[PDB]
Every structure is written in structure tokens, then in C-alpha cells.
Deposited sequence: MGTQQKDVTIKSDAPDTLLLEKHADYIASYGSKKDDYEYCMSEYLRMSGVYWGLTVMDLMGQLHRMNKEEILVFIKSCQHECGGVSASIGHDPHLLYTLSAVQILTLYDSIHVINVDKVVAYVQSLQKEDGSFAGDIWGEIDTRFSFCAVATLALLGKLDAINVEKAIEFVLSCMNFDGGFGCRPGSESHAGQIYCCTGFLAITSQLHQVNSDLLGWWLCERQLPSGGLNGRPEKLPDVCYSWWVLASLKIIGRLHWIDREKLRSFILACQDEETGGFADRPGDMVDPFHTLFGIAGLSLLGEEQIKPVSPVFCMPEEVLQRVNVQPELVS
């Protein structure tokens, strides 16, 4: 019932040139200043979408490398920005960026590993940082960070597996902690985790796949849970999950593609959460990454696990086996 209706002059072609222009100029303001607390991730979203579009060269490698080095704290962890506090979320984003740039030894890898190892709890879970918030988002951040560094063996993997599986729910999905309700973003983190740790056989792919495909509304767009509005970033969370578990064909590709294209801003470039709204780099990445999973020939193929160009993951030899 809750859905958008797409207006018939909504964009129906892919405007790649506009999107690259939009991202290339994004750093050059209100939202920008107010979102400094996520800057490392925002830089990741920008660089990744640029690279999927073959435009990474238009961004400033050298300046980003210096910014990353200055965000590594003495504990080994990385903050969102200079003077902010280290967190697993930004440690992941940083390592993703350095992987894109083949510049991993710009930071101290041994200390990153030690920072991640230190946030694992006795039950297998990960805290985001020293203040102790527990979320399966952080189990995914921890193993994805370690996989990209070749250091997955540094954590207690069986205990980490047991925790993530304790977050599996009646509907086949996953929540943030034991007993928490299923939602797409959390499902992506947990299926991504299970891919990296070689445990996809523990997912009920038919049950979960069904819950995921039921995210597609009459408009063609996807929501993140029952009875919510569609949002273009579910093009990523839902589709990547479906791909990891071998069920991507359970959504209507053409209806989704039309929804995703309608979310573009034809004037400014960028994608918004829903057609007609204000765009942002977060929704721009996931719109483009969603199109890539749907097989769009002008976009590089994207890893459903790491949300980076497959060709990058080929280079570092970390490509987890999926269900199919």
C-alpha cells in the first residue's frame, strides 16, 4: 500500500556524464559541513561510484591519502575525519578506499588488525568502538576489513559466526542483535559476513529470498522492510543480499531499473532516495551499484559483498563464493 507513483516525465535514460560531474564537484556548504561525522564514508561512496563509472582519475588521490593517514589513531582505528573518534565503520571505509587505490601501506595495517581484534566480545560480537555499542553492522565491518587485509584469521571466527547466526529471525532475515527485527540493511551485513566467512549454507535462501523479493513494490522500487516507502538505496541492500544468496532473479529487473532511473536528478545529476527528492552521494552510489548488479553495460561490475568494482577484488584476490 505505501508506495510512490512515478510521474511519466521521470528520467528513463541513464545520465552517467551528469553523475560523474555531480560527484567530481561535490566537495566544492550546509549538508557537507553537517555530515563531517561520516566524512570517511562519504569519501568512500564518491570514489567507489566514480570508479564504477570509470572516472576515478577525476578525484584527488594524493589528498585523500594524506587525509586517511591523519585519521588513523594511536590505537590503530580510523575516524570519520580529523579530530573525530576512531570507529569500525570508518576503519572499513578507509581500508576500502586504500584498496581502491592500491595504497594499503599508507596506514599501519598491523595496528588496524589489533584495533579490530580488540573490539570482539566474549559472545563473538563486535562493538563499534570503545563505548560498546553491539550491532551486526560491526561484525560485517570487522570481517570485511580483515578480509581486505588478508587477516581474517586474527579474530575468533567461529564465535563471530555463532553471534551472527543468533541474530537470524523467524522470517529468514537478520537483526542487529539477538531478538532484533529483520531489515534489509542488516540482512546485507549478515549475508555479507556469511559470504566472507564461508557460511552461506546456514542461510535459508528460499525463505530469506522470498522476504527480500517481497520488498519490491508496485512502483518497481524496493523498501527495507514491510510497510515502508521505497528508497533507491534498497537497490543495493536488497539486491546485493539476493545476489549473495543466489536469488537475484526473484525481483522484476525492468520495474526496478525504471524506478532507479526515475530517482536521477536530470538537472543536477545524482540520485535521490525517491523520484523528485534532493540527491546525495550516498543514494548516487547505491543507485549506480544497483544498476550494475542488474547488468547495466556502461557501469563496471560490482562486488555484492564489498560494494567495490569486481576488478579491484580480483586484484587483491578476495572474492568470496556466493550461493549462485
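Which deposited-sequence positions, grouped into ranges, are missing C-alpha coordinates? Sequence ranges with no C-alpha atoms are 1-4, 33-35.
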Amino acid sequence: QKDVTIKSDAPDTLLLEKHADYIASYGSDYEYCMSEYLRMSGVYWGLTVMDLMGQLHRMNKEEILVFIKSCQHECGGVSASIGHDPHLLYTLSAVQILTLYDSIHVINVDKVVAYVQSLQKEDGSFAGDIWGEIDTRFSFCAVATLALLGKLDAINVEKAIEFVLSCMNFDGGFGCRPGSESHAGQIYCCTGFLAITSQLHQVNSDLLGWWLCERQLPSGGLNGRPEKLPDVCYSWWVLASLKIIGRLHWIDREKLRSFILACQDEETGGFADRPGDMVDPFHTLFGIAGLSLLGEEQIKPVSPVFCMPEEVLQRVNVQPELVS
From here on, numbers count along this sequence of modelled residues.
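Only the largest set of C-alpha atoms that superpose within 1.5 Å between the two forms is called the rigid core.
In 9 other deposited structures of this protein, rigid core aligned: more displaced of 5-13 and 304-312 by C-alpha RMS: Comparing 5-13 with 304-312, the larger C-alpha deviation in 9 other deposited structures of this protein belongs to 5-13.
Divergent stretch in 9 other deposited structures of this protein, 231-239 or 145-153 [C-alpha RMS, superposed by the core]: The stretch that sits farther from the shown form in 9 other deposited structures of this protein is 231-239.
Identify the stretch, either 31-39 or 48-56, whose C-alpha atoms have the larger mean B-factor according to the entry. The stretch with the larger mean CA B-factor is 31-39.
Between 99-107 and 244-252, which has the larger average Cα B-factor in the PDB entry? Looking at the recorded C-alpha B-factors, 99-107 comes out higher on average.
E227 - Cα temperature factor, lowest/middle/highest third of chain: It belongs to the highest third of the chain when residues are ordered by C-alpha B-factor.
Ranked against its chain, the third holding the CA B-factor of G83: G83: CA B-factor falls in the highest third of its chain.
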